[PDB]
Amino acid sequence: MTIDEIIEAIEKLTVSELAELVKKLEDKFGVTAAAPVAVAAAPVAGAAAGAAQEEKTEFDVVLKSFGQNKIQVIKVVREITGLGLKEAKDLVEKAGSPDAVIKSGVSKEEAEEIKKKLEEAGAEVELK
């Protein structure tokens, strides 16, 4: 294949394939020698990540409100994301804001499982 032909093939990979491809280069060639593809492909995967959110092939969980149990909503957020306390309260308290995104790149199913576990905490969630 041409370099350009390989670039268009790389451009057609799913975010997961790109990740696997890179991981596979790192194991085979070592972190140092594989680094060029790692940094060169991250933007491509980042693009695929975004294109999947706009094509609804993946979804995210936006917090519309933490309700009356801010602390209980933050609990679920920590459980989910692993964020420390400060940062989790920071993310939760950004509710209502478009980037109060708890998680993205998930399946509708998983988004539903998250939306519910969050709502069970008295928060209003919106799956985008």
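Don't overthink the numbering: it's just position in the shown sequence, from 1.
- Message: Comparing average C-alpha B factors as deposited, tell me which of 52-60 and 24-32 sits higher.
- Response: According to the entry, 52-60 carries the higher average C-alpha B-factor.
- Do the CA atoms of 14-22 or those of 114-122 have the higher mean B-factor in the entry? Mean B over CA atoms: larger for 114-122.
- Residue with highest C-alpha B-factor in the PDB entry, from 101, 85, 41, 47: Highest C-alpha B-factor among the listed options: 85.
- Item | Modelled-residue ranking by C-alpha temperature factor, third containing residue 37 | Within its chain, residue 37 is a lowest-third residue by C-alpha B-factor, going by the deposited values.
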